[PDB]
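Structure first, then comments.
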2 protein chains.
Amino acid sequence: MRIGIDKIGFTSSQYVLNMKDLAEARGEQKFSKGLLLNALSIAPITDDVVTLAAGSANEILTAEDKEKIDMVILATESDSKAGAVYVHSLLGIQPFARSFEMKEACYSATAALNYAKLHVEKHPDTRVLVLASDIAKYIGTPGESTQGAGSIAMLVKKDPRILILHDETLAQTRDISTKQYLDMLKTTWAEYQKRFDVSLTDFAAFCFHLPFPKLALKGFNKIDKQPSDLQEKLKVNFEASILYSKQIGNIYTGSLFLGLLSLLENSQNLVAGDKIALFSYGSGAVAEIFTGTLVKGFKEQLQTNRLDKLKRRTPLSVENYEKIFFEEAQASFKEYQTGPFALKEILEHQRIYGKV
Amino acid sequence: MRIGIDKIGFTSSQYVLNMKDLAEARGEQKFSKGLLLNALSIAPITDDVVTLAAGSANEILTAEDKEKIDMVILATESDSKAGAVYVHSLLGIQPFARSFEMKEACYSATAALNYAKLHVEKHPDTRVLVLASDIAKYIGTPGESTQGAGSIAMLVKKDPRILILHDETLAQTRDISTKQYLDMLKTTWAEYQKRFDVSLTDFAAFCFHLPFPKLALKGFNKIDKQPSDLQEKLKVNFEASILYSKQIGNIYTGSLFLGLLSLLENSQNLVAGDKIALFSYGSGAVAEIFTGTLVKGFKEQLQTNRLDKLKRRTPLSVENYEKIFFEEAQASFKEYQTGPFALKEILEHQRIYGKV
């Protein structure tokens with residue numbers, strides 16, 4: 001049996017705040033050196049985790065998918081009621097499905113992926129939709145320059161067309177700051193290689209959870225300069241993996257997989273049968289190392305003009321980013337730019353969603 | 001392979017509010033007829049979802065369990081950071097485990113159970129701890145008389161000693177009130193019997209999600225008075241299943257399984273090889289029907305004096321229930337009655353937990 005990630009969609013919000021603008025407004029260009037971040041996606045109040053989630057699934061789903069999906073999981077840290085139920089209805093997925101959320105800071109989409117996989121193993125005629133959707137929102141706060149919005153959707157099924165997922169995974173929980181992302185990375189990666197007897201050399205690329213690209217660089221840097229072809233190739237694949245994040249910001253649970261996407265669409269050296277290592281992390285903390293192998297033809301499921309699409313985002317002045325990003329419901333809403341779905345209103349106090 | 005629920009623990013909070021007292025205070029004994037509820041568990045601020053969860057696991061876990069558990073899931077609708085990470089540390093579970101929360105109103109522990117099961121199938125040397133822990137908290141509100149506190153812990157492993165879980169399950173999601181619990185029950189149960197070709201007659205007991213016992217009675221009542229031995233036996237097992245809930249109140253995600261526990265400890269007619277149907281529900285809505293078979297010896301994992309233990313709860317006047325139940329952190333805390341674990345303080349703003 002081969003089970004894994006068949007398709008990946010991604011949606012961000014429709015506005016962008018440039019770091020240099022934020023810098024000039026707050027009297028800080030140390031975001032370009034410090035965080036290695038150029039711009040962030042800003043979400044209006046009518047585009048929330050649900051509508052970004054639905055957006056990213058609308059990118060990839062077919063009518064057949066919708067008839068065969070019987071599990072919809074929403075990994076998010078951003079109602080009791082799971083966002084996944086709204087997403088299930090907006091997408092028109094067949095009714096005999098489980099829908100729920102999974103939560104553990106930036107880590108949860110990795111657990112959603114594991115459950116999805118085991119579930120398709122067990123019922124190999126089904127498919128599962130994993131959503132990792134978040135809006136990182138902290139003014140004048142030190143988290144302000146690591147804000148972001150977007151969602152990645154993954155369709156998991158057998159004979160996937162992008163990435164075959166492997167059975168060997170290692171998670172770690174430590175009830176517990178850069179020192180942590182890093183120590184969790186070191187200890188998990190070590191035990192991982194010990195238990196499954198693999199080494200940096202068995203891999204073509206390593207992807208990381210990416211709150212901001214500098215932290216991921218640090219984690220990549222922890223990786224055995226003792227392999228020069230490999231050393232260069234790995235650095236290049238790392239640079240390829242952070243490209244999207246540099247324009248979008250922190251998207252919490254989705255960040256690891258947005259890096260995987262940015263890697264598949266931007267590396268020019270990956271081929272079918274190559275193996276990728278992935279390090280998932282969430283504050284608190286929990287981490288997991290898992291791996292995957294590229295399937296022949298995987299480029300056919302990708303997009304080639306994503307960097308162009310992100311440039312279509314409407315730029316905001318800081319004043320208008322403050323106004324739109326921090327708007328709270330009081331409801332009806334101003335019409336803002338959104339993806340295919342939007343929060344239409346609140347009919348007290350039910351959130352009403354629909355196609356725009 | 002036989003995989004399933006090996007042990008079940010339960011912890012409620014240490015105070016109890018009698019319905020007749022609430023009734024006299026609010027000028028309403030229509031809780032005893034209406035809801036079929038006598039008393040509810042009230043939780044002080046130092047006993048929250050985490051400490052009740054840890055409590056209920058402390059009931060059942062051994063040192064060996066703790067070395068073999070590599071997944072801790074917290075189903076709750078009550079921090080980003082998953083309660084499960086605190087529970088992992090309080091219980092001293094081995095570090096190479098996944099910890100996270102699952103969320104979808106009262107439904108999520110059913111998904112946690114399914115993932116736990118598939119996971120043990122796939123890695124049959126491991127065990128998983130499923131926690132379903134909640135505090136239902138609504139003064140003068142119409143949800144006031146359906147408040148409650150407690151948590152059920154389930155240890156899932158192969159060759160379980162209580163309940164073998166079966167592969168045939170059916171979930172339904174409908175983005176959407178008694179009419180709903182009921183319509184979701186009817187449609188799911190119907191499709192369930194159609195797809196797996198089973199009938200009311202293949203079962204010794206049916207357990208329901210139990211926000212209050214009257215709603216469950218309604219759902220039981222939807223169940224084919226056309227079987228008189230069975231009809232009586234089923235009614236008796238139903239009455240056995242609601243016994244604990246009548247003293248504790250709504251505990252949201254845990255309620256279905258608290259009913260299963262109340263059934264196993266109070267029916268005098270269940271035997272090894274008997275099959276039980278279970279209907280899980282969460283508002284929003286999602287539902288699932290799943291089944292299980294009793295293992296020989298399952299009584300040995302139960303307790304016989306649980307109704308006695310619940311009578312040890314400290315009774316509160318309404319005035320003092322209002323004071324303790326609705327207390328918000330400002331922190332240090334008054335010392336209240338708790339189970340083995342408690343929220344000690346907040347060290348700004350980290351919740352500090354420990355053994356009491």
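For the structure tokens, the naming scheme is as follows: chains receive sequential letters (A, B, ...) according to their order of presentation, residues are indexed from 1 within each chain, and ligands are indexed from 1 in presentation order.
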Please build the interface table for chain A against chain B with a cut-off of 8 Å, listing for each qualifying residue the nearest atom pair and the distance in Å to one decimal; count only C-alpha atoms, order rows by chain and increasing number, and write it as a Markdown table.
| residue | atom | partner | partner_atom | distance |
| --- | --- | --- | --- | --- |
| A:77 | CA | B:80 | CA | 5.1 |
| A:78 | CA | B:80 | CA | 7.7 |
| A:80 | CA | B:105 | CA | 4.6 |
| A:81 | CA | B:104 | CA | 5.1 |
| A:82 | CA | B:104 | CA | 4.6 |
| A:85 | CA | B:175 | CA | 5.6 |
| A:86 | CA | B:175 | CA | 6.0 |
| A:88 | CA | B:173 | CA | 7.5 |
| A:89 | CA | B:175 | CA | 6.0 |
| A:95 | CA | B:173 | CA | 5.5 |
| A:96 | CA | B:172 | CA | 4.2 |
| A:97 | CA | B:172 | CA | 5.0 |
| A:98 | CA | B:171 | CA | 5.3 |
| A:99 | CA | B:173 | CA | 6.4 |
| A:100 | CA | B:104 | CA | 5.1 |
| A:101 | CA | B:103 | CA | 4.9 |
| A:102 | CA | B:102 | CA | 4.6 |
| A:103 | CA | B:101 | CA | 4.9 |
| A:104 | CA | B:82 | CA | 4.6 |
| A:105 | CA | B:80 | CA | 4.6 |
| A:108 | CA | B:100 | CA | 7.0 |
| A:111 | CA | B:98 | CA | 7.8 |
| A:115 | CA | B:115 | CA | 5.9 |
| A:118 | CA | B:118 | CA | 6.3 |
| A:119 | CA | B:118 | CA | 7.0 |
| A:122 | CA | B:118 | CA | 7.6 |
| A:170 | CA | B:96 | CA | 6.8 |
| A:171 | CA | B:97 | CA | 5.2 |
| A:172 | CA | B:96 | CA | 4.2 |
| A:173 | CA | B:95 | CA | 5.5 |
| A:174 | CA | B:95 | CA | 6.7 |
| A:175 | CA | B:85 | CA | 5.6 |
| A:283 | CA | B:81 | CA | 6.8 |
| A:284 | CA | B:81 | CA | 5.6 |
| A:285 | CA | B:85 | CA | 7.1 |
| A:286 | CA | B:98 | CA | 6.8 |
| A:287 | CA | B:98 | CA | 7.7 |
| A:288 | CA | B:98 | CA | 7.7 |
Write the residues you've just listed into a file as a compact mmCIF listing (two decimals), in the first residue's frame, and include N, CA, C and O atoms for each of them.
# COMPACT_ATOMS: atom_id res chain seq x y z
N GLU A 77 -4.85 26.98 15.48
CA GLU A 77 -4.93 27.49 16.83
C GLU A 77 -5.74 28.77 16.94
O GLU A 77 -5.74 29.42 18.03
N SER A 78 -6.53 29.08 15.89
CA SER A 78 -7.25 30.39 15.74
C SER A 78 -8.69 30.01 15.64
O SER A 78 -9.12 29.22 16.44
N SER A 80 -16.85 25.94 21.20
CA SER A 80 -17.15 24.50 21.07
C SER A 80 -17.14 23.89 19.65
O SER A 80 -16.48 22.83 19.43
N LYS A 81 -17.87 24.53 18.70
CA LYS A 81 -18.06 23.97 17.33
C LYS A 81 -16.80 24.04 16.47
O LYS A 81 -16.20 25.09 16.31
N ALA A 82 -16.42 22.91 15.89
CA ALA A 82 -15.21 22.82 15.05
C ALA A 82 -15.34 23.59 13.70
O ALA A 82 -16.31 23.39 12.95
N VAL A 85 -16.74 21.88 10.48
CA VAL A 85 -18.13 21.56 10.09
C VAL A 85 -18.53 22.59 9.07
O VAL A 85 -19.13 22.25 8.05
N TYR A 86 -18.14 23.83 9.29
CA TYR A 86 -18.49 24.86 8.25
C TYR A 86 -17.77 24.54 6.94
O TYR A 86 -18.32 24.66 5.86
N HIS A 88 -16.75 21.55 5.83
CA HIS A 88 -17.52 20.48 5.22
C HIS A 88 -18.71 20.98 4.40
O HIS A 88 -18.91 20.50 3.28
N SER A 89 -19.54 21.87 4.94
CA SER A 89 -20.72 22.30 4.16
C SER A 89 -20.36 23.23 2.94
O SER A 89 -20.73 22.93 1.81
N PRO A 95 -22.18 13.67 3.09
CA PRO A 95 -22.56 13.85 4.51
C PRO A 95 -21.98 12.83 5.48
O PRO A 95 -21.71 13.20 6.61
N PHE A 96 -21.80 11.57 5.08
CA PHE A 96 -21.24 10.56 6.02
C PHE A 96 -19.72 10.62 6.30
O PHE A 96 -18.93 9.77 5.89
N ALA A 97 -19.36 11.74 6.90
CA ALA A 97 -17.96 12.04 7.23
C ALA A 97 -17.90 12.53 8.70
O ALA A 97 -18.82 13.12 9.26
N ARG A 98 -16.75 12.32 9.29
CA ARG A 98 -16.30 12.90 10.54
C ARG A 98 -15.64 14.25 10.20
O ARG A 98 -14.91 14.30 9.26
N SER A 99 -15.95 15.26 10.96
CA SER A 99 -15.38 16.65 10.90
C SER A 99 -14.99 17.09 12.31
O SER A 99 -15.84 17.06 13.24
N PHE A 100 -13.74 17.56 12.52
CA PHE A 100 -13.41 18.04 13.80
C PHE A 100 -12.11 18.82 13.65
O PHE A 100 -11.50 18.89 12.56
N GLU A 101 -11.78 19.48 14.75
CA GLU A 101 -10.59 20.20 14.86
C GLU A 101 -9.49 19.45 15.64
O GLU A 101 -9.75 18.62 16.57
N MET A 102 -8.30 19.73 15.28
CA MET A 102 -7.18 19.33 16.15
C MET A 102 -6.28 20.52 16.62
O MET A 102 -6.00 21.48 15.86
N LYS A 103 -5.88 20.50 17.87
CA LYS A 103 -5.21 21.65 18.47
C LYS A 103 -3.99 21.29 19.31
O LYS A 103 -4.05 20.45 20.15
N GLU A 104 -2.89 21.94 18.99
CA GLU A 104 -1.68 21.95 19.79
C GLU A 104 -0.71 22.92 19.13
O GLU A 104 0.20 22.54 18.45
N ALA A 105 -0.95 24.18 19.35
CA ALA A 105 -0.12 25.24 18.76
C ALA A 105 0.22 24.97 17.27
O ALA A 105 -0.72 24.72 16.51
N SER A 108 -0.36 20.72 15.30
CA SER A 108 -1.54 19.86 15.05
C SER A 108 -1.77 19.33 13.67
O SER A 108 -2.26 18.23 13.58
N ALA A 111 -0.33 15.79 13.31
CA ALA A 111 -1.20 14.74 13.89
C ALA A 111 -2.37 14.47 12.99
O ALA A 111 -2.66 13.29 12.81
N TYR A 115 -3.31 10.67 11.48
CA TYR A 115 -4.58 10.09 11.59
C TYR A 115 -5.11 9.85 10.19
O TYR A 115 -5.70 8.75 9.94
N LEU A 118 -3.58 6.74 8.55
CA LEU A 118 -3.87 5.47 9.14
C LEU A 118 -5.24 5.17 8.73
O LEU A 118 -5.62 4.03 8.57
N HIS A 119 -6.04 6.21 8.69
CA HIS A 119 -7.44 6.02 8.34
C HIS A 119 -7.54 5.49 6.87
O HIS A 119 -8.39 4.57 6.55
N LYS A 122 -6.57 1.88 6.59
CA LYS A 122 -7.52 0.99 7.13
C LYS A 122 -8.69 0.90 6.18
O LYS A 122 -9.24 -0.17 6.04
N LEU A 170 8.54 9.90 14.66
CA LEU A 170 8.92 10.01 16.08
C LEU A 170 8.42 11.34 16.60
O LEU A 170 8.85 12.42 16.16
N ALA A 171 7.51 11.30 17.58
CA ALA A 171 7.08 12.56 18.28
C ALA A 171 7.64 12.68 19.68
O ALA A 171 7.92 11.70 20.29
N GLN A 172 7.73 13.88 20.19
CA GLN A 172 8.23 14.12 21.54
C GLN A 172 7.33 15.19 22.23
O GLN A 172 6.95 16.19 21.61
N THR A 173 6.96 14.97 23.50
CA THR A 173 6.26 16.01 24.25
C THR A 173 7.11 16.38 25.44
O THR A 173 7.57 15.48 26.13
N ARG A 174 7.33 17.68 25.65
CA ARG A 174 8.06 18.21 26.78
C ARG A 174 7.26 19.43 27.26
O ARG A 174 7.12 20.42 26.57
N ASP A 175 6.63 19.32 28.44
CA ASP A 175 5.87 20.45 29.03
C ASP A 175 6.89 21.51 29.43
O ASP A 175 7.75 21.26 30.28
N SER A 283 4.68 25.08 20.06
CA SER A 283 5.02 25.57 21.38
C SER A 283 4.24 24.77 22.45
O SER A 283 3.15 24.17 22.18
N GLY A 284 4.79 24.74 23.66
CA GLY A 284 4.19 23.98 24.76
C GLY A 284 4.93 22.87 25.49
O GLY A 284 4.80 22.83 26.74
N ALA A 285 5.65 21.95 24.85
CA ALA A 285 5.85 21.83 23.38
C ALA A 285 5.71 20.40 22.91
O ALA A 285 5.88 19.43 23.70
N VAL A 286 5.48 20.23 21.61
CA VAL A 286 5.47 18.95 21.01
C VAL A 286 6.14 19.05 19.64
O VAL A 286 5.91 20.03 18.90
N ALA A 287 6.83 18.00 19.27
CA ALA A 287 7.46 17.98 17.97
C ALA A 287 7.34 16.60 17.35
O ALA A 287 7.03 15.61 18.03
N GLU A 288 7.58 16.51 16.04
CA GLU A 288 7.56 15.23 15.39
C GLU A 288 8.42 15.27 14.12
O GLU A 288 8.40 16.26 13.40
What's around residue 124 of chain B at 9 Å? Count only C-alpha atoms, leave out sequence neighbours fewer than 6 positions away in its own chain, and write the answer as a PDB file with C-alpha atoms, in the first residue's frame.
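File result.pdb, as written:
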ATOM      1  CA  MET B   1      -6.004  -8.448  16.299  1.00  0.00           C
ATOM      2  CA  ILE B   3      -7.885  -3.574  20.024  1.00  0.00           C
ATOM      3  CA  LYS B 157      -4.435  -1.134  23.605  1.00  0.00           C
ATOM      4  CA  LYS B 158      -4.601  -4.531  22.103  1.00  0.00           C
TER       5      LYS B 158
END
What's the 10 Å shell around residue 212 of chain A, counting only C-alpha atoms, without same-chain residues fewer than 6 positions away, as a PyMOL selection string? chain A and resi 34-37+145-147+242+245-246+248-252+255
DSSP-assigned strand (DSSP E) among segment 104-215 of chain A, expressed as number ranges by chain: A: 127-136, 148-158, 163-165, 170-173, 205-208
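Residue nearest residue 273 of chain A, chosen from A:164, A:331, A:207, A:243 and counting only C-alpha atoms: A:164.
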Which is closest to residue 23 of chain A among A:59, A:144, A:328, A:254, if we use only C-alpha atoms? A:144
Contact residues around residue 232 of chain B with only C-alpha atoms at 12 Å, ignoring same-chain residues under 5 positions, as a list in words: residues 204, 205, 225, 227, 237, 238, 239 and 269 of chain B
One number please: atom CA of residue 189 of chain A to atom CA of residue 120 of chain B, in Å, one decimal. 23.3 Å
